[PDB]
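Below: the structure, in structure tokens.
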Amino acid sequence: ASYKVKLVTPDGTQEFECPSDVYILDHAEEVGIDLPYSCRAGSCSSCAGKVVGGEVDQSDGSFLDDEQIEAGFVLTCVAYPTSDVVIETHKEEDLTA
Amino acid sequence: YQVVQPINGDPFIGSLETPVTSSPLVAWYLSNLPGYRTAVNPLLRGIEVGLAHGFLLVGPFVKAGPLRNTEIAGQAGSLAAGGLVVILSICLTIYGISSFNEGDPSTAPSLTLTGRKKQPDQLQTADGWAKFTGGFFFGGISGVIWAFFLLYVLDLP
Amino acid sequence: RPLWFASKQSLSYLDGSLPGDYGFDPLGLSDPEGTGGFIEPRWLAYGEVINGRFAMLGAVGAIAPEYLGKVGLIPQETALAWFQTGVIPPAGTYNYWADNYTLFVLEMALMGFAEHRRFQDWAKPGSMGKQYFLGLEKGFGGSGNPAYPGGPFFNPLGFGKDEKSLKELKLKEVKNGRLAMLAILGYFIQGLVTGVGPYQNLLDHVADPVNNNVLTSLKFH
Amino acid sequence: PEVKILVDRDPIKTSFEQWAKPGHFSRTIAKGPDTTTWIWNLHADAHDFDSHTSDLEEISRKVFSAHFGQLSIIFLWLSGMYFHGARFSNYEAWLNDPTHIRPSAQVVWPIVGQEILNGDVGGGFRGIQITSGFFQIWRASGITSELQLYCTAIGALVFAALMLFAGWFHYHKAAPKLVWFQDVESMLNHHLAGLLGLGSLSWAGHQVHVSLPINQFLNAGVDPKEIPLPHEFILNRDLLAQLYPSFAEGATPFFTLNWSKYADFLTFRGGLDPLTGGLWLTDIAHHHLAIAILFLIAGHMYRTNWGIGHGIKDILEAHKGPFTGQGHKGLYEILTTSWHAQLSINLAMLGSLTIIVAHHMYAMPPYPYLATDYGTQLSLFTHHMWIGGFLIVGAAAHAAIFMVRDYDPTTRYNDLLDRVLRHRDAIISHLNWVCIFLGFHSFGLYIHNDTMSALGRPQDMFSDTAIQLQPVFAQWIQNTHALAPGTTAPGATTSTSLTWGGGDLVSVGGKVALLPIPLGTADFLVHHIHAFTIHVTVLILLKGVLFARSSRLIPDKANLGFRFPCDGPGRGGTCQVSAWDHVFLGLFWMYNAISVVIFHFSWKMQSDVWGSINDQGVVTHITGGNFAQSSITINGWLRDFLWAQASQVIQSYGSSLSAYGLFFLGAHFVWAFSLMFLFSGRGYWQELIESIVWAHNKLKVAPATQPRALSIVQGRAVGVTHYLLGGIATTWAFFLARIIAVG
Amino acid sequence: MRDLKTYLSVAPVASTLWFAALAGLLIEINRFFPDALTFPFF
Amino acid sequence: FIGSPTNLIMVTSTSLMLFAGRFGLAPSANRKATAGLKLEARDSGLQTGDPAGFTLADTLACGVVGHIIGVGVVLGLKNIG
Ligand code: CLA
Ligand code: CLA
Ligand code: CLA
Ligand SMILES: CC1=C[C@H](O)CC(C)(C)[C@H]1/C=C/C(C)=C/C=C/C(C)=C/C=C/C=C(C)/C=C/C=C(C)/C=C/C1=C(C)C[C@H](O)CC1(C)C
Ligand code: SF4
Ligand code: FES
Ligand SMILES: [Ca+2]
């Protein structure tokens, strides 16, 4: 259900609660910890990030490498947090390489 | 050892070297032909051209045309080859007319196979192309005439 | 440990714990590397054991009648070969008390009752001495090793209560089993090629060696 | 190093949960549908194994079990054929009188008047005349009762269940690993010596013991029920020794090396059997013996486990010279890591083989009573030509797939491939030129001929009467093949076929089995047309393969895949640059070439080969012999072949051949229906679907899986599929109606 | 078994069954009342 | 059959091929011929007991070759004279 989320960020690391049927981005939108986005549609790399633990539902994710979902990177705006997760933010370019 | 090499050691030009394009026999032969005699008057080369090709174009029009068996008209079908010579020399003329202008140098390459400068081949002029045209045409009609002159029985008339 | 056509591949896994281990495996069938279904080496050892046991039984049985056809009041109509008793009706049949098809069904029923339980001992070792079987379960417990179950039934006389005992006896058993397997194969191809019967064949060879083997390559039939 | 069995236990578990979740194999499909496009993709990518995953082991496991599934299907189809021969056929009566009863193994129920399709096929039976030639096979096999057909149907059903179980087993319980598959030396040793050697040895055995004696009895005139059963021939041998004295010595020669004493039934005759119009069975048994020996020896070339043999890598590395650099070094690494390279080579060879089978089976008829059954001969030649062409085109498809997805000079470098890639421009230039020149000098002659025939100038034609173009080499070769038996082949009596010549003609039942086929100007023209069509098909397919990765127009084409619509309308427009589009275009040209091949064969056989012979010995051909003089113009093809022979199919309404009349028209319809998909584009269709969707929305009846127009590539594929089906089915109906009607 | 019940309701299988039953029904109707051009009842 | 007929021919043929294979002069299980000129050495792993490294695989191979070659020349000589 509404597992706790953990996001490392240059601002720090903060937690907010939010049901599994949601995308991470609107839920960091709720409590008010600002994150970088451009598209909100899963077709760019501004909302990119990687994981510390658990793993996130990436069913409705697209425009990604047939690997970007098997070695860590995730787009925060099309992602369902199946577990109590611990994630990274501002991770576009070390993804952009 | 390998036989094919890039053209003059440059492996980024769109071609190769083989025993077909760069071979001593082929090189010497192709060099001694009219089109590749750069330092010669255009009209002489054209003369060789027209001679050979009128003489060659005699045979087929004679031995295959509509009146091949009618020989009150079989041999005199050299009229046809004369007409073909006329037509493709008209084509030569319009090609030269459109491709060149006298007040412009000749587009031929100035470098040679080893990297020395050459005086650009004048056949690629406007002037010299008209000269070569006249030569080819003169040769073509009179070569038609020559191979019609040899109507004497040989092996296959 | 004498070796027959051994190799550095076969001699790796054939250490010697098995009876009659001669390191002979020129095809590499016991290799435990890529083992799956019915290629596992334990099952191959069990299968050799069962083949040899049945071969001892069947090889002594397929020749017994036509030997007693010659000595005693044993009636000749009940002195047939092993191929003219009903095994191949295009080669000779008999009229027992049943049909030879009812015979097949009934024999299959009895052997199903036997072999399903023997397998279930192989698969979940110790299963059959737990469910009710009208009694008959206290003796079908097992011994951890499929091919040597023991009990009050399969070992009444109590042979081999030590280790040298069992190893020596097991060696002799597997060797005799191999010999009888060879013998049954010989039965088959002799009884085809000469087409008369192994006992009669032996008695036709003991007299003269004129027609030992290559003579019968004319293959009368 | 050494060769062994290597298997994993229980890799995947048998379950139904994945059946209820459509598109489990691909992550994109698994997510589920938003639009109808999903439903199409689900089927298009179903067997693209190496795209569902990256692991070679998984792809090979899937391929192995898929092959088992295909074999199970084939066994079920064979089971059906034998059961229908046993249960709904007139095979026994045909066995009694083969040259009057026309074979039939399918009857129809009387439901809507369709029982008219149950026609009088002779023998007290009413059904559909079949053209697969199964009765001829069953007679050449020795089969004489319907109980044997029942038995083989049951055996085939059992074998099909066995194949299906093995397919499940090797995927879910005992799945072999990659090193098992990648052992090609042991595989070749087994297929050469075990599958092909032992196979033809066992078959030669069956012919020596069953087919030969039962056919001897049948040709002697004995009633097919009073012939002994085959197994009698094995139990009692005096039966065999009555027909072939050599069976008295019985394998003593085969050891005493006096093989001469078997000349009874192992012959080298050549020519046909003048009683049944087929090859001598005593020749076929001896042939199979020889082929088995050859294959059994050839299956002992490659080293597996005992030193002796040949290393394929060593053979390939040994071959190289001053024109090809290092060539063949690096092909063993390639041919063992890509399934697509293997599939391309295999498809090429199997297609060529099928075409060769077509030619050899018309020219030297193997089965008895097949040569005079004209419908079966036409059907078999045509069927096998089509199969061969299709397989050859698939070869190009998978060579292109290898070039796009697998070729990699960074980790698997081969020299010959690199050099061909480095002069592809000259290659394609010369092939283009030769196709243009070949097209001018073959079709151009036809156009010259039509124009000279319409201008009242037949003395200016290209024909046997005016301007002769005799194929001297073909005439010279068949003359050499005529004089061969006795001069360059002293051991032969008659020559290999009756088409070579020698003045020998074979007849059966008052019909012509075979006679010498005459070559003339028309044969010269037709063959150069054929060379033209094959060269063009090659140009298209090879251009598709060689430029699959990059071009001067699109320099990074490999990054767009193997099957993509275009790279946009810029650069002038780049529709159909992909290699898939080259395969799509090559299918039309294969259709063209094969169609002309089967038209040439069909007209030539009726005109100069088939017909009826009289007791006095005057042969009347089906068509009058008009191929020599009417085939040289296009008007003669339109008039004397199409218009004159379509009469049988346009007059079948009311007879038992009316199904062909219905299929003629249906096939024309399907062909014309494909042009709509081929001539249009999906923008128009999506915009029309917009308004239709509006109308549905107006009534709260609009679907949730949003309807889309088809893909660009799907449009092309639907188009070519319906085009091929329509055209081939039209020719199918035409041929079968025509050949069945006259005879 | 539940998964089988779901699978049997997937689109191709459902349509296959629906149309096979419909075909049997029309076939039997035409086998009983053959060659109908009109409604001959009322 | 045994006497002085095919017997002589086939026996001497298979015997000379076995004599070749055992010693050098012929490719074998422990000998890899390069290109028909000379032979290398190789331990196939299959253990034998013969002092020259003569395997059973080697014996089978050279026996088959002897039989093929003998059958060939026997049939030839008895077909020409
Ligand atoms: C539409 C007008 C047209 C006309 C009037 C002709 C007329 C003729 N054609 Mg022709 N043809 C045409 C269109 C035409 N064609 C087209 C469009 C094609 C393409 C399909 C052809 C393809 C064709 C072929 C393949 C052939 C002909 C041939 C012929 C000649 C046959 C009769 C003959 O033997 O004459 C008498 C025989 C002669 C040799 C007369 C030669 C004519 C004079 C002497 C040539 C002098 C030329 C002159 C120096 C300059 C050339 C033209 C100039 C006025 C610009 C005839 C003069 C045949 C032929 O004879 O070949 C020459 C023949 O082979 N035609
Ligand atoms: C004498 C040994 C032998 C024989 C007869 C075959 C025969 C066959 N192989 Mg095979 N293979 C062998 C050894 C052998 N193989 C070895 C040693 C390897 C590598 C270790 C392979 C690896 C291999 C692969 C990767 C593939 C084949 C395939 C095939 C089939 C090819 C298609 C065909 O022609 O169908 C002809 C159809 C018939 C002849 C019908 C009769 C079928 C009989 C019963 C086949 C039984 C032979 C088989 C070896 C039995 C072993 C099973 C046993 C343990 C119970 C064919 C039946 C293809 C395949 O598997 O298709 C499923 C294929 O993909 N083989
Ligand atoms: C041994 C033969 C063989 C094998 C194993 C394969 C295997 C494969 N091919 Mg291939 N191919 C072959 C022969 C073969 N092909 C031949 C002969 C051709 C020439 C036509 C091609 C041309 C070809 C192309 C162009 C492509 C492939 C592709 C593929 C891959 C995916 C196929 C797929 O699942 O699509 C799904 C299968 C279907 C959707 C079924 C199509 C149904 C057809 C169109 C209807 C036919 C009508 C029917 C015969 C009669 C009408 C019945 C009706 C009236 C009821 C796959 C690995 C594709 C690929 O991407 O490779 C990676 C690819 O695009 N193949
Ligand atoms: C080791 C190895 C390994 C490597 O690597 C390879 C190789 C070489 C392959 C291998 C192998 C070898 C071998 C030899 C094998 C074999 C076996 C056998 C023989 C078995 C039998 C086995 C056998 C068996 C079981 C048998 C059994 C039998 C029986 C019961 C009998 C019965 C009977 C009788 C009484 C009588 C009646 O009237 C009939 C009957 C009923 C019939
Ligand atoms: S969208 Fe269609 S028309 Fe436009 S470039 Fe692509 S293939 Fe051509
Ligand atoms: S905004 Fe770019 S992915 Fe969400
Ligand atoms: Ca193993």
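In the structure tokens, each chain is lettered A, B, ... as it comes, each chain's residues begin at 1, and ligands are numbered from 1 in order of appearance.
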
- Message: Distance limit 9 Å, reference ligand 6, atoms considered: only C-alpha atoms and all ligand atoms. Which residues make the cut? Give them as a list in words.
- Response: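 Sorted by chain and then by number, the residues are residues 25, 36, 37, 38, 39, 40, 41, 42, 43, 44, 45, 46, 47, 48, 61, 74, 75, 76, 77 and 78 of chain A.
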
Restricting the output to N, CA and C atoms, write the selected residues as a PDB file, in the first residue's frame.
```
ATOM      1  N   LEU A  25       6.672  10.881  -8.531  1.00  0.00           N
ATOM      2  CA  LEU A  25       6.882  12.312  -8.712  1.00  0.00           C
ATOM      3  C   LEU A  25       5.752  13.130  -8.100  1.00  0.00           C
ATOM      4  N   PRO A  36      13.561  17.486 -10.118  1.00  0.00           N
ATOM      5  CA  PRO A  36      13.623  17.964 -11.507  1.00  0.00           C
ATOM      6  C   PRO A  36      12.847  17.094 -12.482  1.00  0.00           C
ATOM      7  N   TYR A  37      11.936  17.704 -13.237  1.00  0.00           N
ATOM      8  CA  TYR A  37      11.195  17.006 -14.276  1.00  0.00           C
ATOM      9  C   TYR A  37      11.067  17.910 -15.491  1.00  0.00           C
ATOM     10  N   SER A  38      10.861  17.291 -16.650  1.00  0.00           N
ATOM     11  CA  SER A  38      10.517  18.012 -17.868  1.00  0.00           C
ATOM     12  C   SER A  38       9.223  17.525 -18.498  1.00  0.00           C
ATOM     13  N   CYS A  39       9.079  16.214 -18.678  1.00  0.00           N
ATOM     14  CA  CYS A  39       8.069  15.598 -19.531  1.00  0.00           C
ATOM     15  C   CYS A  39       6.821  15.167 -18.777  1.00  0.00           C
ATOM     16  N   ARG A  40       6.985  14.501 -17.633  1.00  0.00           N
ATOM     17  CA  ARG A  40       5.903  13.854 -16.896  1.00  0.00           C
ATOM     18  C   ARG A  40       5.210  12.777 -17.720  1.00  0.00           C
ATOM     19  N   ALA A  41       5.852  12.315 -18.795  1.00  0.00           N
ATOM     20  CA  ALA A  41       5.259  11.335 -19.689  1.00  0.00           C
ATOM     21  C   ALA A  41       6.173  10.159 -19.998  1.00  0.00           C
ATOM     22  N   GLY A  42       7.359  10.097 -19.400  1.00  0.00           N
ATOM     23  CA  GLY A  42       8.234   8.959 -19.608  1.00  0.00           C
ATOM     24  C   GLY A  42       8.921   8.929 -20.951  1.00  0.00           C
ATOM     25  N   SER A  43       9.307  10.090 -21.482  1.00  0.00           N
ATOM     26  CA  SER A  43       9.912  10.177 -22.805  1.00  0.00           C
ATOM     27  C   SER A  43      11.109  11.119 -22.817  1.00  0.00           C
ATOM     28  N   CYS A  44      11.833  11.204 -21.705  1.00  0.00           N
ATOM     29  CA  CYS A  44      13.058  11.996 -21.616  1.00  0.00           C
ATOM     30  C   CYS A  44      13.840  11.518 -20.397  1.00  0.00           C
ATOM     31  N   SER A  45      14.938  12.211 -20.079  1.00  0.00           N
ATOM     32  CA  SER A  45      15.802  11.743 -18.962  1.00  0.00           C
ATOM     33  C   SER A  45      16.002  12.799 -17.871  1.00  0.00           C
ATOM     34  N   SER A  46      15.038  13.702 -17.667  1.00  0.00           N
ATOM     35  CA  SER A  46      15.203  14.669 -16.584  1.00  0.00           C
ATOM     36  C   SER A  46      14.822  14.088 -15.227  1.00  0.00           C
ATOM     37  N   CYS A  47      13.800  13.238 -15.179  1.00  0.00           N
ATOM     38  CA  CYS A  47      13.373  12.622 -13.929  1.00  0.00           C
ATOM     39  C   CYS A  47      14.127  11.336 -13.618  1.00  0.00           C
ATOM     40  N   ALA A  48      15.341  11.183 -14.137  1.00  0.00           N
ATOM     41  CA  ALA A  48      16.082   9.943 -13.960  1.00  0.00           C
ATOM     42  C   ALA A  48      16.624   9.811 -12.539  1.00  0.00           C
ATOM     43  N   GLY A  61       6.912   2.357 -18.508  1.00  0.00           N
ATOM     44  CA  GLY A  61       8.085   3.141 -18.837  1.00  0.00           C
ATOM     45  C   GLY A  61       8.558   2.809 -20.235  1.00  0.00           C
ATOM     46  N   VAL A  74      16.016   4.763 -13.092  1.00  0.00           N
ATOM     47  CA  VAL A  74      14.558   4.778 -13.128  1.00  0.00           C
ATOM     48  C   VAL A  74      14.084   6.209 -13.373  1.00  0.00           C
ATOM     49  N   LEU A  75      12.960   6.336 -14.089  1.00  0.00           N
ATOM     50  CA  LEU A  75      12.289   7.644 -14.320  1.00  0.00           C
ATOM     51  C   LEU A  75      11.254   7.780 -13.199  1.00  0.00           C
ATOM     52  N   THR A  76      11.324   8.856 -12.413  1.00  0.00           N
ATOM     53  CA  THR A  76      10.451   8.976 -11.249  1.00  0.00           C
ATOM     54  C   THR A  76       8.993   9.224 -11.603  1.00  0.00           C
ATOM     55  N   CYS A  77       8.694   9.728 -12.793  1.00  0.00           N
ATOM     56  CA  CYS A  77       7.330  10.152 -13.069  1.00  0.00           C
ATOM     57  C   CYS A  77       6.437   9.048 -13.629  1.00  0.00           C
ATOM     58  N   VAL A  78       6.988   7.900 -14.020  1.00  0.00           N
ATOM     59  CA  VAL A  78       6.144   6.802 -14.491  1.00  0.00           C
ATOM     60  C   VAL A  78       6.333   5.563 -13.624  1.00  0.00           C
TER      61      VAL A  78
END
```

- Tell me the residues of chain D close to chain B, meaning within 12 Å using only C-alpha atoms, as a PyMOL selection string. chain D and resi 320-326+419+422-426+452+457-461+466-467+552

I'd like the neighbourhood of residue 349 (chain D) as a PDB file with N, CA and C atoms, in the first residue's frame, where a residue qualifies if any of its atoms comes within 12 Å (using only C-alpha atoms), though same-chain residues fewer than 5 positions away should be ignored.
```pdb
ATOM      1  N   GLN D 342      23.281 -19.919 -40.051  1.00  0.00           N
ATOM      2  CA  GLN D 342      22.972 -21.315 -40.320  1.00  0.00           C
ATOM      3  C   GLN D 342      21.672 -21.441 -41.091  1.00  0.00           C
ATOM      4  N   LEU D 343      20.640 -20.709 -40.661  1.00  0.00           N
ATOM      5  CA  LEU D 343      19.345 -20.799 -41.323  1.00  0.00           C
ATOM      6  C   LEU D 343      19.428 -20.332 -42.767  1.00  0.00           C
ATOM      7  N   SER D 344      20.228 -19.304 -43.046  1.00  0.00           N
ATOM      8  CA  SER D 344      20.335 -18.820 -44.422  1.00  0.00           C
ATOM      9  C   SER D 344      20.992 -19.850 -45.324  1.00  0.00           C
ATOM     10  N   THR D 354      14.959 -28.654 -53.703  1.00  0.00           N
ATOM     11  CA  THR D 354      13.576 -28.904 -54.099  1.00  0.00           C
ATOM     12  C   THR D 354      13.373 -28.682 -55.594  1.00  0.00           C
ATOM     13  N   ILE D 355      14.004 -27.644 -56.149  1.00  0.00           N
ATOM     14  CA  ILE D 355      13.881 -27.422 -57.593  1.00  0.00           C
ATOM     15  C   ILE D 355      14.487 -28.590 -58.376  1.00  0.00           C
ATOM     16  N   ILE D 356      15.652 -29.068 -57.928  1.00  0.00           N
ATOM     17  CA  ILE D 356      16.285 -30.214 -58.581  1.00  0.00           C
ATOM     18  C   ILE D 356      15.391 -31.447 -58.497  1.00  0.00           C
ATOM     19  N   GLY D 388      10.526 -24.602 -53.490  1.00  0.00           N
ATOM     20  CA  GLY D 388      11.918 -24.223 -53.657  1.00  0.00           C
ATOM     21  C   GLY D 388      12.115 -22.721 -53.743  1.00  0.00           C
ATOM     22  N   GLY D 389      11.281 -22.043 -54.535  1.00  0.00           N
ATOM     23  CA  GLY D 389      11.418 -20.600 -54.650  1.00  0.00           C
ATOM     24  C   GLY D 389      11.230 -19.891 -53.323  1.00  0.00           C
ATOM     25  N   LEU D 391      11.686 -21.014 -50.271  1.00  0.00           N
ATOM     26  CA  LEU D 391      12.797 -21.244 -49.352  1.00  0.00           C
ATOM     27  C   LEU D 391      14.026 -20.437 -49.747  1.00  0.00           C
ATOM     28  N   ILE D 392      14.298 -20.332 -51.051  1.00  0.00           N
ATOM     29  CA  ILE D 392      15.433 -19.524 -51.491  1.00  0.00           C
ATOM     30  C   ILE D 392      15.254 -18.067 -51.077  1.00  0.00           C
ATOM     31  N   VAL D 393      14.022 -17.554 -51.120  1.00  0.00           N
ATOM     32  CA  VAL D 393      13.825 -16.154 -50.732  1.00  0.00           C
ATOM     33  C   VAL D 393      14.023 -15.972 -49.224  1.00  0.00           C
ATOM     34  N   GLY D 394      13.559 -16.941 -48.434  1.00  0.00           N
ATOM     35  CA  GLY D 394      13.817 -16.885 -47.004  1.00  0.00           C
ATOM     36  C   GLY D 394      15.295 -16.897 -46.662  1.00  0.00           C
ATOM     37  N   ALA D 395      16.100 -17.588 -47.473  1.00  0.00           N
ATOM     38  CA  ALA D 395      17.548 -17.568 -47.280  1.00  0.00           C
ATOM     39  C   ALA D 395      18.085 -16.142 -47.259  1.00  0.00           C
ATOM     40  N   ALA D 396      17.648 -15.326 -48.218  1.00  0.00           N
ATOM     41  CA  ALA D 396      18.051 -13.926 -48.254  1.00  0.00           C
ATOM     42  C   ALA D 396      17.563 -13.184 -47.023  1.00  0.00           C
TER      43      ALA D 396
END
```

- Task: Write out as a list in words the residues lying within 9 Å of residue 81 (chain B), counting only C-alpha atoms and excluding same-chain residues fewer than 4 positions away.
- Result: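 In the requested form, the answer reads residues 54, 57, 58, 59, 60, 61, 62, 77, 85, 86, 141 and 144 of chain B.
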
Please provide the set of residues having any atom within 12 Å of residue 11 (chain E), restricted to only C-alpha atoms, with same-chain residues fewer than 5 positions apart removed, written as an mmCIF file with N, CA and C atoms, in the first residue's frame.
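Written out: result_32.cif:
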```cif
data_model
loop_
_atom_site.group_PDB
_atom_site.id
_atom_site.type_symbol
_atom_site.label_atom_id
_atom_site.label_comp_id
_atom_site.auth_asym_id
_atom_site.auth_seq_id
_atom_site.Cartn_x
_atom_site.Cartn_y
_atom_site.Cartn_z
ATOM 1 N N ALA D 20 -2.892 -17.156 -19.481
ATOM 2 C CA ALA D 20 -3.890 -16.132 -19.217
ATOM 3 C C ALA D 20 -3.327 -14.723 -19.277
ATOM 4 N N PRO D 22 -1.514 -12.624 -21.805
ATOM 5 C CA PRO D 22 -1.000 -12.571 -23.176
ATOM 6 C C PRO D 22 0.244 -11.704 -23.296
ATOM 7 N N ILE D 39 -2.488 -6.033 -30.520
ATOM 8 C CA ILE D 39 -2.899 -7.371 -30.947
ATOM 9 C C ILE D 39 -2.084 -7.840 -32.139
ATOM 10 N N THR E 6 -9.950 -18.800 -17.413
ATOM 11 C CA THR E 6 -9.642 -17.500 -17.997
ATOM 12 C C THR E 6 -9.176 -17.652 -19.437
ATOM 13 N N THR E 16 -13.971 -18.754 -31.656
ATOM 14 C CA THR E 16 -13.986 -20.081 -32.261
ATOM 15 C C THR E 16 -15.178 -20.891 -31.779
ATOM 16 N N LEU E 17 -15.362 -20.960 -30.460
ATOM 17 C CA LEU E 17 -16.461 -21.746 -29.915
ATOM 18 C C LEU E 17 -17.808 -21.167 -30.328
ATOM 19 N N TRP E 18 -17.951 -19.843 -30.222
ATOM 20 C CA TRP E 18 -19.212 -19.195 -30.555
ATOM 21 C C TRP E 18 -19.634 -19.522 -31.978
#
```

Residues of region 31-76 of chain F classed as helix (DSSP H, G or I) by DSSP on the backbone are to be reported as a tab-separated table (two decimals) with N, CA and C atoms, in the first residue's frame.
```tsv
chain	number	residue	atom	x	y	z
F	56	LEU	N	42.55	-48.82	-29.49
F	56	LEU	CA	41.53	-49.61	-30.17
F	56	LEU	C	40.84	-48.81	-31.25
F	57	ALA	N	40.65	-47.50	-31.04
F	57	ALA	CA	40.09	-46.65	-32.08
F	57	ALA	C	40.97	-46.67	-33.32
F	58	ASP	N	42.28	-46.58	-33.13
F	58	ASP	CA	43.22	-46.66	-34.24
F	58	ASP	C	43.10	-47.98	-34.98
F	59	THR	N	43.01	-49.08	-34.23
F	59	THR	CA	42.93	-50.39	-34.84
F	59	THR	C	41.66	-50.52	-35.67
F	60	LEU	N	40.52	-50.11	-35.10
F	60	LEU	CA	39.27	-50.14	-35.84
F	60	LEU	C	39.38	-49.33	-37.13
F	61	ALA	N	39.93	-48.11	-37.04
F	61	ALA	CA	40.01	-47.25	-38.22
F	61	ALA	C	40.85	-47.90	-39.32
F	62	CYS	N	42.06	-48.34	-38.98
F	62	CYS	CA	42.92	-48.91	-40.01
F	62	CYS	C	42.39	-50.25	-40.51
F	63	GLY	N	41.65	-50.99	-39.68
F	63	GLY	CA	41.01	-52.20	-40.17
F	63	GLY	C	39.94	-51.91	-41.21
F	64	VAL	N	39.09	-50.91	-40.94
F	64	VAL	CA	38.10	-50.51	-41.93
F	64	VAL	C	38.79	-50.07	-43.21
F	65	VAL	N	39.89	-49.32	-43.10
F	65	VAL	CA	40.57	-48.85	-44.30
F	65	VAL	C	41.15	-50.02	-45.08
F	66	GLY	N	41.76	-50.98	-44.39
F	66	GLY	CA	42.24	-52.17	-45.06
F	66	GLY	C	41.14	-52.91	-45.80
F	67	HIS	N	39.96	-53.00	-45.18
F	67	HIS	CA	38.87	-53.71	-45.84
F	67	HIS	C	38.36	-52.95	-47.05
F	68	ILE	N	38.25	-51.63	-46.95
F	68	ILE	CA	37.80	-50.83	-48.09
F	68	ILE	C	38.77	-50.99	-49.25
F	69	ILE	N	40.07	-50.85	-48.97
F	69	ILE	CA	41.08	-50.89	-50.02
F	69	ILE	C	41.17	-52.28	-50.64
F	70	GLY	N	41.03	-53.33	-49.81
F	70	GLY	CA	41.06	-54.68	-50.34
F	70	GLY	C	39.85	-55.00	-51.18
F	71	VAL	N	38.66	-54.59	-50.73
F	71	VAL	CA	37.45	-54.80	-51.53
F	71	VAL	C	37.59	-54.12	-52.88
F	72	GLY	N	38.06	-52.88	-52.87
F	72	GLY	CA	38.31	-52.16	-54.11
F	72	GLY	C	39.20	-52.91	-55.08
F	73	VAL	N	40.42	-53.25	-54.65
F	73	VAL	CA	41.34	-53.84	-55.63
F	73	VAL	C	40.93	-55.26	-55.99
F	74	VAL	N	40.27	-55.99	-55.07
F	74	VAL	CA	39.77	-57.32	-55.42
F	74	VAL	C	38.77	-57.21	-56.55
F	75	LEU	N	37.77	-56.33	-56.39
F	75	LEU	CA	36.75	-56.21	-57.42
F	75	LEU	C	37.35	-55.74	-58.73
F	76	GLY	N	38.31	-54.81	-58.67
F	76	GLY	CA	38.98	-54.39	-59.89
F	76	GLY	C	39.68	-55.51	-60.63
```

- Item | Within 9 Å of ligand 2 (only C-alpha atoms and all ligand atoms), residues as a count of residues only | 39

- Go ahead and compute the interatomic distance for atom 24 (C, counted along the ligand's line) of ligand 1 and CA of residue 443 (chain D), in Å to one decimal.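 Interatomic distance here is 16.2 Å.
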
- Message: Hey, which residues sit close to ligand 4? Say within 6 Å, counting only C-alpha atoms and all ligand atoms, and write them as a ChimeraX atom specification.
- Response: /C:25-28,51,54-55,58-59,61-62,82-83,85,87,181-182,184-185
